[PDB]
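Per-entry structural report
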Amino acid sequence: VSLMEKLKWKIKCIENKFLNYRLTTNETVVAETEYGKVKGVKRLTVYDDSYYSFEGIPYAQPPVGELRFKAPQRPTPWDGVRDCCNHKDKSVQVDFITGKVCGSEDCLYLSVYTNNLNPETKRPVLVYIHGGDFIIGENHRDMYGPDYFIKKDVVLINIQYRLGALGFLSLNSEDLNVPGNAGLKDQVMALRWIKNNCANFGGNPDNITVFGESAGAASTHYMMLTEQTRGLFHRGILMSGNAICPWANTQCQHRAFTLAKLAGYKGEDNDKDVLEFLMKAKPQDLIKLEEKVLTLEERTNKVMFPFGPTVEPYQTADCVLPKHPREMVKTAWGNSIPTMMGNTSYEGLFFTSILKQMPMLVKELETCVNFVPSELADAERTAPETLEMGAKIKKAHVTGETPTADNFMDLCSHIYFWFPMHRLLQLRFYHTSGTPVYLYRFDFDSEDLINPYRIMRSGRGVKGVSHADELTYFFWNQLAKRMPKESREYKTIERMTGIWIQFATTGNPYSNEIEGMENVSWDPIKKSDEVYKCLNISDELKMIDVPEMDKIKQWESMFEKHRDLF
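Residues numbered from 1 in each chain as written, not as in the entry; some residues may be left out. Heavy atoms only, no water. Residues with missing side-chain atoms left out of burial classes, pairs and counts.

Method of determination, as annotated in the archive: X-ray crystallography, at 1.10 Å resolution.

Spelled out as structure tokens, the structure:
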């Protein structure tokens, strides 16, 4: 990120702090939880809607001291009233704009928002799990403001969970009780809190919807796969990701030693001594060094992050992922709840700045062998069959004589989002009994209203609907502004939140009360479908054949002679 954008961001942070003061009312309120009373505050939005805000509700003990790298433990109850009128820290992470480490280990909190704490009817509860590659993100309202959802009669809950090595260290030695996935176990404990407490805020514990984008979509899917959460919620929405995406998990058990050595460890590679060192390290040091952990071999093999969700090496009481997610699909409780999945119309545009920094990446399109799924490729990627598979990828995405950056970004949309979604849909059809899955495609482009991800991708003046551009129409953020009622952006806010709320309520995303959706016939995907239909959200709402289908079929064709691996 440029120095000029860093300055603009600092200015926006200050202006946002004072806007939030002006949006705070003097009305506070007390609600009950199973652990004690909490005090929240009534806030306004720039549209003059209002909501009750409870931030910093603990769902677990702070994971500090001996609890570092462990599964979350239930919090200590309190007498009196806990102040929830301000946000807590985010999980330790490298700030996506400033490049400096920020946050705290004391980050296991959730926030609850509703326009009415004593409504006449129990409300759909929507639970948002943020993305950020399992290494960044937060539930702060400067990124995830509830201001648009609270226009309607729902309860919205935004959770945090541990990130990076603090959330995802994994050690093989059973005696140490660090099997992995602490950050997913945080999510489980938060969902249990929600089930047990949402009624105190006007919510219906029989009607909970979990949704998330990017790593939050992978997370939502994990929460639909694991036995730990069986029956805890009732609909799921996977926005640009799922648990079988290549980036969504990794076997990181050998990387703790590498991290320890980077942090000054002088001992041998055994889990006990490595853990002892990591338990004493400062958390900022571990998170800062994470970017150096992947080895030359792992970078060669396109491993994207050193620590993340993992297949746990031994079973524990709190185990989330006992097998690879593809195997978990076979028995997953969440296959039988209404599900909605979708992507944006130019996901891979997210890689714009990476391609500007490393333009030679376009040369990988000459043969495309490095994009062939690893389960199909020979180790050296020189076998004729592997070259043939790469040539199929190349034909799908290289549209002119010479490969371009846009061809590369189109390929990225497929390898990271569309193809895993196709594979998931097809696998899931073997392991469900008619429970509906609906597809959307977010295809609304504007730079009149933006979110901070555009800065991170250096996307000023860039046309196209990148990964994460839809979040602007779900959440207020500190770069947002009030839009006119008649504006295309305002209508998109109403449509996107409206569809999500309709789906959360009924398990069916269609409602004739959403403007522009009256003529929509939105059917769920059938196993017999050869071409997927989706609701495309542009300036209009239209059911269309997924435009990506032909390319999806070209990727699928690599498995014609390896169908057991598809």
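Remarks on the overall build of the chain
Worth spelling out the cut-off: A run of DSSP states H or I qualifies as a helix once it reaches four residues; a run of E qualifies as a strand once it reaches two. Both are numbered from the N-terminal end. Radius of gyration here uses only the C-alpha atoms, and the compact-globule reference equals 2.2 Å multiplied by the residue count raised to the power 0.38. Contacts: residue pairs with any heavy atoms within 4.5 Å of one another.
The helix and strand inventory of the chain stands at 15 helices and 15 strands. Its C-alpha radius of gyration of 23 Å places the chain within 12% of the 24 Å reference for a compact globule of 566 residues. For the chain, the spread of C-alpha atoms along the principal axes amounts to about 70 × 65 × 55 Å. Summarising the internal contacts of the chain: among those between residues at least 6 apart in sequence, 74% fall at separations of at least 24.

Comments concerning the UniProt feature "domain: Carboxylesterase type B" (unreviewed entry) in the chain
Filter applied, for reference: UniProt positions are given in the numbering used here, feature names are shortened, and annotations may be inferred rather than shown by experiment.
In the UniProt entry, the feature "domain: Carboxylesterase type B" (unreviewed entry) is given for residues 30–543. Along residues 30–543 one finds 26% helix and 16% strand; the C-alpha atoms at either end are 45 Å apart.

A few points about a nonpolar patch on the surface
Note the cut-off: For patch building, the residue pool is restricted to those with more than 30% relative accessible area and no salt bridge; the joining distance is 9 Å between like charges and 5 Å between nonpolar side chains (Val, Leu, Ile, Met, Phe, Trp, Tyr). Here the open area of atoms and residues is found with the Shrake-Rupley method and a 1.4 Å probe, where only the protein chains shown may cover a residue. For this document, the term salt bridge refers to a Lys or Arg side-chain nitrogen within 4 Å of an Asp or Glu carboxyl oxygen.
The grouping of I14, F18 and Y21 at the surface amounts to a nonpolar patch, some 320 Å² of accessible area in total. By secondary structure assignment, the location of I14 is in helix 1 (residues 3–22).

Thoughts on the pattern of salt bridges
Convention followed: Each residue is placed in one exposure class: buried if its accessible area under a 1.4 Å probe, protein chains only, is under 20% of its type's maximum, exposed if it is over 50%, and partly exposed if it falls in between.
A full pass over the atoms with the stated rule returns 28 salt bridges. The partner of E105 in a salt bridge is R68, with the nearest N and O atoms 2.8 Å apart. Here the residue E105 occupies a position in the loop between strand 6 (101–102) and strand 7 (109–114), and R68 occupies one in the loop between strand 3 (50–58) and strand 4 (81–83), the gap between them amounting to 37 residues. The same class applies to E105 as to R68, namely buried. For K553, the salt bridge identified is with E556, shortest N-O distance 2.9 Å. Here the residue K553 and the residue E556 both occupy positions in helix 15 (residues 549–557), the gap between them amounting to 3 residues, near one helical turn. If you follow the salt bridges from partner to partner, you end up with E447, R454, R457 and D469 in one network.

Points about the packing of aromatic side chains
As a reminder of what qualifies: Two rings belonging to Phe, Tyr or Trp (six-membered ring only in the last case) form a pair when the distance between their centres is within 6.5 Å. Interplanar angles under 30 degrees mark stacking, angles over 60 mark edge-to-face geometry, and anything in between is tilted.
Tallying each qualifying case throughout the model produces 34 aromatic pairs. Taken together, a centroid distance of 5.0 Å and an interplanar angle of 80° make the contact between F54 and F201 edge-to-face. Remark: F201 occurs in the loop between helix 3 (182–197) and strand 10 (203–213) and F54 occurs in strand 3; sequence separation between them is 147 residues. When its relative accessible area of 1% is taken as the criterion, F201 is described as buried. Plain terms: the ring middles of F419 and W555 are 5.4 Å apart, the flat faces sit at 45° to each other, and that makes the pair tilted. In this pair, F419 is assigned in helix 12 (residues 405–428) and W555 in helix 15, connecting sequence segments 136 residues apart. Grouping residues by exposure puts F419 and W555 together as buried.

Considering the environment of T33
With respect to the helices and strands, the residue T33 is situated in the loop between strand 1 (24–31) and strand 2 (37–44). Between the alpha carbons of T33 and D378 there is a distance of 55 Å; along the sequence they are 345 residues apart. If we skip the residues at most four places from it in the chain, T33 touches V38, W78, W193, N197, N200 and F201.

Regarding the pairing of strand 2
Stated formally: By definition, two strands form a pair when at least two bridges between them are found by DSSP.
Pairing between strand 1 and strand 2: 5 bridges, direction antiparallel. If you follow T24 over to strand 2, its bridge partner there is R43. Here strand 2 runs beside strand 4; their pairing, made up of 3 bridges, is parallel. Among the inter-strand pairings, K37 is bridged to a residue of strand 4, identified as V81. Of the pairings in the sheet, the one linking strand 2 to strand 3 comprises 4 bridges and is antiparallel in character. From the neighbouring strand, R43 faces strand 3, where its bridge partner is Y51. Connecting strand 2 to the antiparallel partner strand 3 that follows it, the hairpin turn spans 5 residues, and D48 within it adopts a positive phi of roughly 65°.

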